[PDB]
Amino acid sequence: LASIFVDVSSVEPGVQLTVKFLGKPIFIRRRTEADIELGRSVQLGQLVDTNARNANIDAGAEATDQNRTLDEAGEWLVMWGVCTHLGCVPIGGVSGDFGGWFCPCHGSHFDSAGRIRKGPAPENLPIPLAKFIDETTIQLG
């Protein structure tokens, strides 16, 4: 079966793990308290794309910070590392003007929940089928 199983036991706050799945990067960021608070401080009305783009929940779900992470605590942000404009790999480590990712191909800025805030990309970075299957492992797909 296609599903893969990622050990995240050693991922510390402020670290992104990048894993290849279906030929493309998946970003698994363990968010800092700053990342989480900032994500939760954004009103839906401020967003370019109000859809959660999240395979795990209703396709009409709103792009609240809570609908962008795997866990209620908001520590685990898992998304395709594929810019929704033309597919370049967004640069992380708190890059760009919105405390998240910057796609250097045509200048798209994503926030700390991977939501599009500035530039040509039309959509928030999509979230794959992903869930914890115990304390230390995320199943993708």
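Heads up: residue numbers just count along the shown sequence, starting at 1.
Averaged over Cα atoms, the B-factor as recorded in the entry is higher for 40 to 48 than for the other of 40 to 48 and 62 to 70. Per the PDB record, of the two stretches 27 to 35 and 94 to 102, 94 to 102 carries the greater mean B-factor over its C-alpha atoms. Per the deposited record, the Cα B-factor of residue 57 falls in the middle third when ranked against the other modelled residues of its chain. Ranked against the other modelled residues of its chain, the C-alpha B-factor of residue 85 as given in the entry falls in the highest third. Per-chain ranking of the deposited C-alpha B factor places residue 133 in the lowest third. Ranked by Cα temperature factor within the chain, residue 17 sits in the middle third according to the deposited record.
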